[PDB]
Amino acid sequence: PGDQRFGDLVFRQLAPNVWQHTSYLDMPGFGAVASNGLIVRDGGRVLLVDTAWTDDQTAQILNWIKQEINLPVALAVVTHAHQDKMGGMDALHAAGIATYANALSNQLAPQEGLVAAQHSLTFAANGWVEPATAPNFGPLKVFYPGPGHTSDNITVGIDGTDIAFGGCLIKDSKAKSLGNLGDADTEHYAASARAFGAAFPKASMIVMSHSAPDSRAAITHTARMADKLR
């Protein structure tokens, strides 16, 4: 429903100022794996959440933005140091886009074979980003829910909308598994999922990296699945 195709990527308008971008990477025993991020227009600028898997795909996201919105991309925030979220950093930097990530993601990125963001976010004990480290983030509300899918995973709500982005932390309400748990925190995963729910209590549209947007049942289901990891 409403998928707009552009090159090898897919764009779906979720709200008046919000689109989901989807890119694909072929994987063994697995076929093509979708990864979602977001594109938000805030006034006269565009904000990006997560890159695509590759520089080439990320360049295509920028090309789509230029065609369909034609406003500068003021910044990107990337939600952890895995290829699906940070694989296209060089394309952002080539385009002159300021990039932000959890300080921990920047520390891990090089050894993960990834390029670090230019700026580091740090977080208060309540999980909310220290606002001075997230200048000009506009409607993006950045929240560290605690370790789960990775030690460094972060999440983003969008002010003025019913949308909250769970990244690779949250799976859909009928997901069979929690996906790749290779870098996960099995002890804190469930609490972290519920913390995300708590941080964005009014969000009715939960956007995620590896499934289509869903209701808050995605949060309760992910948390229930994570309970079993303890």
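In this text, residue numbers run from 1 along the sequence as written.
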Comparing 143-151 with 114-122, the one whose average Cα B-factor in the PDB entry is higher: 143-151
Between the two ranges 5-13 and 204-212, the one averaging a larger CA B factor in the entry: 204-212
Maximum C-alpha temperature factor, selected from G166, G37, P28, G179: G179
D50, C-alpha B-factor rank within chain (lowest, middle or highest third): lowest
Relative C-alpha B-factor of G138, binned into the chain's lowest, middle or highest third: middle
Chain third (lowest, middle, highest) by recorded CA B-factor, residue given as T161: highest
Relative C-alpha B-factor of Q67, binned into the chain's lowest, middle or highest third: middle
Position of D42 among the chain's modelled residues by C-alpha B-factor, lowest, middle or highest third: middle
